[PDB]
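Trainee: Sharing input_22.txt (compact mmCIF, C-alpha atoms and all ligand atoms) below.
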# COMPACT_ATOMS: atom_id res chain seq x y z
CA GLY A 16 -13.09 -14.12 -5.95
CA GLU A 17 -13.88 -10.60 -4.69
CA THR A 18 -12.16 -7.91 -6.81
CA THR A 19 -14.74 -5.09 -6.18
CA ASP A 20 -13.35 -1.59 -5.32
CA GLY A 21 -13.85 -0.76 -1.60
CA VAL A 22 -12.47 -1.19 1.98
CA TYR A 23 -11.88 -4.75 3.34
CA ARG A 24 -11.06 -6.42 6.67
CA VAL A 25 -7.97 -8.69 6.92
CA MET A 26 -8.78 -11.76 9.05
CA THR A 27 -6.96 -14.88 10.35
CA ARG A 28 -8.12 -18.21 11.77
CA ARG A 29 -4.66 -19.18 13.31
CA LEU A 30 -5.47 -17.79 16.79
CA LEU A 31 -8.77 -18.42 18.72
CA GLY A 32 -11.87 -17.87 16.50
CA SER A 33 -11.70 -15.32 13.68
CA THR A 34 -9.34 -12.42 14.47
CA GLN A 35 -8.99 -9.12 12.60
CA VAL A 36 -5.27 -8.33 12.09
CA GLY A 37 -5.83 -5.27 9.86
CA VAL A 38 -7.70 -3.54 6.97
CA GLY A 39 -6.99 -2.76 3.28
CA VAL A 40 -8.06 -0.95 0.10
CA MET A 41 -9.09 -2.63 -3.13
CA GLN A 42 -8.72 -0.32 -6.15
CA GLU A 43 -8.16 -1.11 -9.86
CA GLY A 44 -7.86 -4.85 -9.10
CA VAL A 45 -5.05 -4.32 -6.53
CA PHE A 46 -5.21 -4.88 -2.73
CA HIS A 47 -3.27 -2.27 -0.71
CA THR A 48 -2.49 -2.81 2.99
CA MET A 49 0.29 -2.31 5.61
CA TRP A 50 3.29 -4.74 5.58
CA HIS A 51 3.06 -5.44 9.35
CA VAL A 52 -0.60 -6.66 8.90
CA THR A 53 0.20 -9.57 6.50
CA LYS A 54 4.03 -9.82 6.77
CA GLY A 55 3.84 -10.31 2.93
CA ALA A 56 1.84 -13.56 3.14
CA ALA A 57 -0.72 -14.69 0.48
CA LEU A 58 -4.40 -13.81 0.99
CA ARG A 59 -7.70 -15.65 0.34
CA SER A 60 -10.87 -14.03 -1.09
CA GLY A 61 -13.67 -16.57 -1.50
CA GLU A 62 -12.41 -19.28 -3.86
CA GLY A 63 -9.74 -16.80 -5.15
CA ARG A 64 -6.18 -16.23 -4.02
CA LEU A 65 -4.35 -12.87 -3.91
CA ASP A 66 -0.51 -13.07 -4.19
CA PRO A 67 1.81 -10.13 -3.14
CA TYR A 68 3.38 -8.08 -5.99
CA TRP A 69 5.29 -5.26 -4.33
CA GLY A 70 6.24 -4.51 -0.75
CA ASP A 71 8.66 -2.56 1.46
CA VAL A 72 9.16 -3.02 5.31
CA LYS A 73 10.57 0.56 5.73
CA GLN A 74 7.51 2.16 4.06
CA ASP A 75 5.35 -0.52 5.84
CA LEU A 76 3.30 -1.09 2.66
CA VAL A 77 2.32 -4.05 0.45
CA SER A 78 0.30 -4.38 -2.81
CA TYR A 79 -1.43 -7.60 -4.03
CA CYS A 80 -2.21 -8.67 -7.67
CA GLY A 81 -0.46 -5.63 -9.12
CA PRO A 82 1.55 -2.45 -8.50
CA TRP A 83 0.60 0.28 -5.96
CA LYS A 84 -2.32 2.31 -7.42
CA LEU A 85 -3.01 4.93 -4.71
CA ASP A 86 -1.30 8.25 -5.53
CA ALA A 87 -3.52 11.12 -4.12
CA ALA A 88 -1.76 13.38 -1.53
CA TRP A 89 -2.72 15.49 1.53
CA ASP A 90 -2.76 19.19 0.50
CA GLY A 91 -1.25 20.31 3.86
CA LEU A 92 -4.25 22.49 4.77
CA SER A 93 -7.54 20.62 4.70
CA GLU A 94 -9.33 18.31 7.15
CA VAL A 95 -9.51 14.58 6.15
CA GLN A 96 -11.60 11.54 7.13
CA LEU A 97 -10.29 8.29 8.54
CA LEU A 98 -12.57 5.55 7.13
CA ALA A 99 -12.00 3.41 10.23
CA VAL A 100 -12.82 -0.31 10.05
CA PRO A 101 -12.49 -1.47 13.71
CA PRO A 102 -12.49 -5.16 14.74
CA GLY A 103 -16.06 -6.49 14.95
CA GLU A 104 -17.54 -3.01 14.37
CA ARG A 105 -19.01 -1.26 11.34
CA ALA A 106 -16.99 1.00 8.98
CA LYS A 107 -17.17 4.62 10.24
CA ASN A 108 -15.84 7.97 8.91
CA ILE A 109 -14.09 10.18 11.50
CA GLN A 110 -13.19 13.67 10.34
CA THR A 111 -10.02 15.24 11.73
CA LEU A 112 -7.34 17.83 10.88
CA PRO A 113 -3.95 16.16 10.48
CA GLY A 114 -0.83 17.05 12.42
CA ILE A 115 2.76 16.64 11.20
CA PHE A 116 5.59 14.18 11.72
CA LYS A 117 8.88 16.10 11.23
CA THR A 118 11.67 13.78 10.11
CA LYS A 119 15.30 14.37 9.02
CA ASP A 120 14.06 13.44 5.49
CA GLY A 121 10.92 15.61 5.26
CA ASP A 122 7.53 16.29 6.84
CA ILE A 123 4.58 13.83 6.62
CA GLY A 124 0.93 14.22 7.63
CA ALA A 125 -0.21 12.50 10.83
CA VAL A 126 -3.65 11.44 12.22
CA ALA A 127 -4.28 11.53 16.00
CA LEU A 128 -7.09 8.97 16.58
CA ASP A 129 -7.26 6.10 19.11
CA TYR A 130 -8.21 2.73 17.64
CA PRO A 131 -7.18 -0.88 18.33
CA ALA A 132 -4.17 -2.34 16.39
CA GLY A 133 -6.57 -4.46 14.25
CA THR A 134 -7.62 -1.18 12.57
CA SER A 135 -4.18 -0.85 10.77
CA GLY A 136 -4.63 -0.33 7.02
CA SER A 137 -7.82 1.79 7.27
CA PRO A 138 -7.76 4.40 4.50
CA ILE A 139 -7.45 8.17 4.92
CA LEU A 140 -9.62 10.23 2.51
CA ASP A 141 -9.60 13.61 0.73
CA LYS A 142 -12.80 15.70 0.05
CA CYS A 143 -13.27 13.92 -3.33
CA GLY A 144 -13.01 10.49 -1.67
CA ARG A 145 -9.50 9.71 -3.04
CA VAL A 146 -7.25 7.64 -0.76
CA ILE A 147 -4.38 9.92 0.33
CA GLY A 148 -2.83 7.22 2.60
CA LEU A 149 -3.25 4.40 5.13
CA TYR A 150 -3.60 4.61 8.93
CA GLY A 151 -1.77 2.21 11.27
CA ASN A 152 1.98 2.92 11.46
CA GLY A 153 2.91 5.52 14.03
CA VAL A 154 3.77 6.12 17.65
CA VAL A 155 2.22 6.01 21.17
CA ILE A 156 2.76 9.33 23.01
CA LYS A 157 2.79 10.49 26.75
CA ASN A 158 -0.59 9.06 28.02
CA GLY A 159 -0.93 5.97 25.83
CA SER A 160 -2.58 7.96 22.97
CA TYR A 161 -1.91 6.92 19.37
CA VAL A 162 -0.71 9.10 16.48
CA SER A 163 -0.39 7.43 13.05
CA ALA A 164 1.52 8.67 9.98
CA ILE A 165 -0.38 9.33 6.72
CA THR A 166 1.39 6.51 4.77
CA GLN A 167 1.22 6.77 0.98
CA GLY A 168 3.13 4.70 -1.64
CA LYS A 169 4.44 5.62 -5.09
CA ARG A 170 2.44 4.89 -8.28
CA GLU A 171 4.75 3.88 -11.19
CA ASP B 50 -4.26 -18.60 6.48
CA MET B 51 -5.35 -14.98 6.08
CA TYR B 52 -8.49 -13.88 4.19
CA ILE B 53 -10.38 -10.67 3.24
CA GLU B 54 -14.03 -9.58 3.78
CA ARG B 55 -15.62 -6.43 2.25
CA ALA B 56 -16.30 -3.76 4.87
CA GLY B 57 -17.72 -0.87 2.78
CA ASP B 58 -17.36 1.78 0.05
CA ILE B 59 -14.65 4.45 -0.01
CA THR B 60 -16.64 7.71 0.18
CA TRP B 61 -16.46 11.00 2.08
CA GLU B 62 -19.54 11.44 4.39
CA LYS B 63 -20.90 14.96 4.92
CA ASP B 64 -21.61 15.63 8.61
CA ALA B 65 -19.38 12.87 10.04
CA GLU B 66 -18.08 12.87 13.69
CA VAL B 67 -15.31 15.57 13.76
CA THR B 68 -12.66 14.86 16.49
CA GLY B 69 -8.86 14.57 17.16
CA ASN B 70 -6.07 17.13 17.46
CA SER B 71 -3.15 18.07 15.01
CA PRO B 72 0.14 17.60 16.95
CA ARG B 73 3.55 18.46 15.40
CA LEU B 74 6.06 15.81 16.48
CA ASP B 75 9.78 15.36 15.84
CA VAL B 76 10.09 11.64 14.91
CA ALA B 77 12.65 9.05 13.65
CA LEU B 78 11.95 6.16 11.22
CA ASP B 79 14.26 3.18 11.74
CA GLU B 80 15.23 0.55 9.11
CA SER B 81 12.42 -1.76 10.36
CA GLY B 82 9.72 0.82 9.48
CA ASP B 83 9.13 1.80 13.14
CA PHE B 84 8.50 5.42 14.20
CA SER B 85 9.84 6.80 17.49
CA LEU B 86 9.73 10.17 19.29
CA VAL B 87 12.79 12.43 19.01
CA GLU B 88 13.03 15.11 21.71
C1 LIG A 201 3.36 -4.77 14.86
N1 LIG A 201 3.18 -3.36 14.58
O1 LIG A 201 2.06 -2.62 15.08
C2 LIG A 201 2.21 -1.33 14.62
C3 LIG A 201 1.20 -0.33 14.99
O2 LIG A 201 1.30 0.83 14.61
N2 LIG A 201 0.19 -0.81 15.77
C4 LIG A 201 -0.99 -0.14 16.14
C5 LIG A 201 -1.84 0.38 15.17
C6 LIG A 201 -2.99 1.04 15.56
CL1 LIG A 201 -4.08 1.63 14.34
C7 LIG A 201 -3.26 1.28 16.89
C8 LIG A 201 -2.39 0.81 17.86
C9 LIG A 201 -2.63 1.06 19.33
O3 LIG A 201 -1.69 1.12 20.11
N3 LIG A 201 -3.91 1.17 19.72
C10 LIG A 201 -4.39 1.51 21.09
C11 LIG A 201 -5.89 1.20 21.18
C12 LIG A 201 -3.65 0.71 22.17
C13 LIG A 201 -4.17 3.01 21.32
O4 LIG A 201 -4.87 3.84 20.41
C14 LIG A 201 -1.25 0.11 17.48
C15 LIG A 201 3.35 -1.25 13.89
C16 LIG A 201 3.96 -2.51 13.88
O5 LIG A 201 5.05 -2.83 13.30
The structure in this file should be written as structure tokens.
Ligand SMILES: Cn1oc(C(=O)Nc2cc(Cl)cc(C(=O)NC(C)(C)CO)c2)cc1=O
Mentor:
Amino acid sequence: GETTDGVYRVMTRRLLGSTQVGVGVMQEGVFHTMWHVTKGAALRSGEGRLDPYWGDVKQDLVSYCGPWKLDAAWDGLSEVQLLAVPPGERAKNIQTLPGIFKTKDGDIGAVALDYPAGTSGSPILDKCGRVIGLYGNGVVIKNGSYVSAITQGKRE
Amino acid sequence: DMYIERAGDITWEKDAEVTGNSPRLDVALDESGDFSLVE
């Protein structure tokens, strides 16, 4: 059905009305989203059906119709834009300077913006517009504020 | 059943709303893909 490059909402009709569970990126004929958004389940796009191809619960990522295509990385210095797609609201770019998540296995970029859970999967962008990662897997700190990791997969 | 709807183009917008801080946090990733604060 719809294979056009761009940002998409992930919806369900299982609960009351139409509910937005997350967001995703279509690029090179592949749909990229967060594992916790779909739980690996098949997707519908008009008359078309998207089946999962690769996924990993620990990375919290899933690709549909083909392998993971997004490979751009945060440079460690520059400001980025969250292309936020909130539930029932229009797509909006929010510029911010990322923080850092320090882990026993290496440092990762982090974005400190407050958005409802249905915004998981919204892409994070570099100055050329390349997707450096997805927003929506992180932690809730001290006052109920949200900090997400900059989650990127590996292109084969 | 889940379905997708197009929400827009992936572009950088000059003069967008600039907000948010850059915190440095010590975190732990468990086997279920969940992050937690380490202090
Ligand atoms: C299930 N499951 O959910 C997650 C997850 O990260 N959820 C999530 C994602 C986002 Cl973008 C925001 C919030 C959030 O708390 N939002 C406010 C509005 C309450 C505070 O900004 C929560 C992981 C996971 O396995």
Trainee: Residues near range 71-85 of chain B, anyone? I mean within 9 Å using all atoms listed in the file, not counting same-chain ones fewer than 5 positions away, as a ChimeraX atom specification.
Mentor: /A:71-75,111-119,125-127,152-155,162,164
Trainee: Which of these residues is nearest to ligand LIG 201 (chain A), using only C-alpha atoms and all ligand atoms: A:37, A:168, A:81, A:55?
Mentor: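 Closest to ligand LIG 201 (chain A), using only C-alpha atoms and all ligand atoms: A:37.
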Trainee: Which residue, A:143, A:131, A:161, A:77, has the smallest gap to chain B when you use all atoms listed in the file?
Mentor: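 Among the listed residues, the smallest separation from chain B belongs to A:143.
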Trainee: Hey, which of A:157, A:47, A:59, A:169 ends up closest to chain B? Count all atoms listed in the file.
Mentor: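 Closest residue, counting all atoms listed in the file: A:59.
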Trainee: Provide the CA of residue 33 in chain A to CA of residue 54 in chain A distance in Å, to one decimal place.
Mentor: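 Going from CA of residue 33 in chain A over to CA of residue 54 in chain A, I get 18.0 Å.
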Trainee: Which residues are close to residue 53 in chain A, i.e. within 12 Å by all atoms listed in the file, leaving aside same-chain residues fewer than 6 positions away? Reply as a PyMOL selection string.
Mentor: (chain A and resi 24-27+35-39+46-47+59+65-67+70+72+75-79+133+135-136) or (chain B and resi 50-53)
Trainee: Go ahead and save the residues from that selection, with C-alpha atoms, as a short mmCIF file (atom, residue, chain, number, x, y, z; two decimals), keeping the file's coordinate frame.
Mentor:
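Output (out32.cif):
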data_model
loop_
_atom_site.label_atom_id
_atom_site.label_comp_id
_atom_site.auth_asym_id
_atom_site.auth_seq_id
_atom_site.Cartn_x
_atom_site.Cartn_y
_atom_site.Cartn_z
CA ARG A 24 -11.06 -6.42 6.67
CA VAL A 25 -7.97 -8.69 6.92
CA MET A 26 -8.78 -11.76 9.05
CA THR A 27 -6.96 -14.88 10.35
CA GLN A 35 -8.99 -9.12 12.60
CA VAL A 36 -5.27 -8.33 12.09
CA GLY A 37 -5.83 -5.27 9.86
CA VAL A 38 -7.70 -3.54 6.97
CA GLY A 39 -6.99 -2.76 3.28
CA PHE A 46 -5.21 -4.88 -2.73
CA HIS A 47 -3.27 -2.27 -0.71
CA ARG A 59 -7.70 -15.65 0.34
CA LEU A 65 -4.35 -12.87 -3.91
CA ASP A 66 -0.51 -13.07 -4.19
CA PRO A 67 1.81 -10.13 -3.14
CA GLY A 70 6.24 -4.51 -0.75
CA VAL A 72 9.16 -3.02 5.31
CA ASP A 75 5.35 -0.52 5.84
CA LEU A 76 3.30 -1.09 2.66
CA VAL A 77 2.32 -4.05 0.45
CA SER A 78 0.30 -4.38 -2.81
CA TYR A 79 -1.43 -7.60 -4.03
CA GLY A 133 -6.57 -4.46 14.25
CA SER A 135 -4.18 -0.85 10.77
CA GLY A 136 -4.63 -0.33 7.02
CA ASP B 50 -4.26 -18.60 6.48
CA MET B 51 -5.35 -14.98 6.08
CA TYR B 52 -8.49 -13.88 4.19
CA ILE B 53 -10.38 -10.67 3.24
#
Trainee: Give me, please, the distance in Å between atom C15 of ligand LIG 201 (chain A) and CA of residue 16 in chain A, quoted to one decimal.
Mentor: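 Calculated distance between atom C15 of ligand LIG 201 (chain A) and CA of residue 16 in chain A is 28.8 Å.
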Trainee: Counting all atoms listed in the file, which residue out of A:22, A:52, A:147, A:40 sits closest to chain B?
Mentor: A:22
Trainee: Pick the closest to chain B from A:41, A:85, A:128, A:165: which is it, counting only C-alpha atoms?
Mentor: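 Closest to chain B of all the choices is A:128.
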Trainee: If you take every atom of ligand LIG 201 (chain A) that the file lists and fit an axis-aligned box around them with 4 Å extra on each side, what centre and edge lengths come out in Å to one decimal, as lines of an AutoDock Vina configuration file?
Mentor:
center_x = -0.4
center_y = -0.5
center_z = 17.7
size_x = 18.9
size_y = 16.6
size_z = 16.9
Trainee: Can you list, as a PyMOL selection string, every protein, DNA or RNA residue that comes within 10 Å of residue 67 in chain B when you count all atoms listed in the file, leaving out same-chain residues fewer than 2 positions away?
Mentor: (chain A and resi 94-96+108-112) or (chain B and resi 64-65+69)
Trainee: Hey, which of A:50, A:83, A:69, A:23 ends up closest to ligand LIG 201 (chain A)? Count all atoms listed in the file.
Mentor: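 Checking each of A:50, A:83, A:69, A:23 against ligand LIG 201 (chain A), counting all atoms listed in the file, the winner is A:50.
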Trainee: Record the distance separating CA of residue 61 in chain B and CA of residue 141 in chain A, expressed in Å with one decimal.
Mentor: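 It comes out at 7.5 Å.
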Trainee: Since the input has fewer atoms than a full residue there, write range 51-71 of chain B out with N, CA, C and O atoms, as a short mmCIF file (atom, residue, chain, number, x, y, z; two decimals), in the coordinates of the input.
Mentor:
data_model
loop_
_atom_site.label_atom_id
_atom_site.label_comp_id
_atom_site.auth_asym_id
_atom_site.auth_seq_id
_atom_site.Cartn_x
_atom_site.Cartn_y
_atom_site.Cartn_z
N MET B 51 -4.65 -16.25 6.00
CA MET B 51 -5.35 -14.98 6.08
C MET B 51 -6.36 -14.81 4.93
O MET B 51 -6.16 -15.36 3.84
N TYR B 52 -7.46 -14.09 5.20
CA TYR B 52 -8.49 -13.88 4.19
C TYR B 52 -9.12 -12.48 4.30
O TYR B 52 -9.02 -11.84 5.35
N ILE B 53 -9.77 -12.00 3.22
CA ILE B 53 -10.38 -10.67 3.24
C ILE B 53 -11.91 -10.71 3.14
O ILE B 53 -12.49 -11.60 2.50
N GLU B 54 -12.57 -9.74 3.80
CA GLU B 54 -14.03 -9.58 3.78
C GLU B 54 -14.34 -8.10 3.48
O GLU B 54 -13.77 -7.23 4.13
N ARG B 55 -15.27 -7.82 2.55
CA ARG B 55 -15.62 -6.43 2.25
C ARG B 55 -16.26 -5.75 3.45
O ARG B 55 -17.13 -6.33 4.12
N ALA B 56 -15.81 -4.53 3.74
CA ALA B 56 -16.30 -3.76 4.87
C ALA B 56 -17.05 -2.48 4.48
O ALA B 56 -17.67 -1.89 5.35
N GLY B 57 -17.00 -2.06 3.22
CA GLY B 57 -17.72 -0.87 2.78
C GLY B 57 -17.15 -0.16 1.58
O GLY B 57 -16.18 -0.63 0.98
N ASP B 58 -17.79 0.96 1.18
CA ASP B 58 -17.36 1.78 0.05
C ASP B 58 -16.43 2.88 0.53
O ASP B 58 -16.55 3.34 1.67
N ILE B 59 -15.54 3.35 -0.35
CA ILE B 59 -14.65 4.45 -0.01
C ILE B 59 -15.29 5.75 -0.48
O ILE B 59 -15.23 6.10 -1.66
N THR B 60 -15.97 6.44 0.44
CA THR B 60 -16.64 7.71 0.18
C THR B 60 -16.42 8.69 1.33
O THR B 60 -16.23 8.27 2.47
N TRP B 61 -16.52 9.98 1.04
CA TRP B 61 -16.46 11.00 2.08
C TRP B 61 -17.94 11.16 2.55
O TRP B 61 -18.85 11.17 1.72
N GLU B 62 -18.18 11.26 3.88
CA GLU B 62 -19.54 11.44 4.39
C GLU B 62 -19.70 12.83 4.95
O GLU B 62 -18.96 13.20 5.86
N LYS B 63 -20.66 13.60 4.41
CA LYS B 63 -20.90 14.96 4.92
C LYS B 63 -21.51 14.82 6.31
O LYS B 63 -22.36 13.95 6.51
N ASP B 64 -21.09 15.67 7.25
CA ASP B 64 -21.61 15.63 8.61
C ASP B 64 -21.24 14.32 9.32
O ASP B 64 -22.11 13.61 9.84
N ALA B 65 -19.94 14.01 9.32
CA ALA B 65 -19.38 12.87 10.04
C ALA B 65 -18.88 13.38 11.43
O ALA B 65 -18.80 14.60 11.64
N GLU B 66 -18.59 12.47 12.37
CA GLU B 66 -18.08 12.87 13.69
C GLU B 66 -16.69 13.52 13.51
O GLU B 66 -15.77 12.85 13.05
N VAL B 67 -16.56 14.82 13.86
CA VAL B 67 -15.31 15.57 13.76
C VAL B 67 -14.61 15.60 15.12
O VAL B 67 -15.14 16.20 16.06
N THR B 68 -13.43 14.95 15.24
CA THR B 68 -12.66 14.86 16.49
C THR B 68 -11.12 14.72 16.23
O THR B 68 -10.69 14.64 15.09
N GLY B 69 -10.31 14.71 17.29
CA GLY B 69 -8.86 14.57 17.16
C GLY B 69 -8.12 15.88 17.02
O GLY B 69 -8.60 16.82 16.38
N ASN B 70 -6.92 15.95 17.59
CA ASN B 70 -6.07 17.13 17.46
C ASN B 70 -5.04 16.98 16.29
O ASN B 70 -5.10 16.00 15.55
N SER B 71 -4.16 17.99 16.07
CA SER B 71 -3.15 18.07 15.01
C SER B 71 -1.75 18.33 15.62
O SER B 71 -1.19 19.43 15.47
#
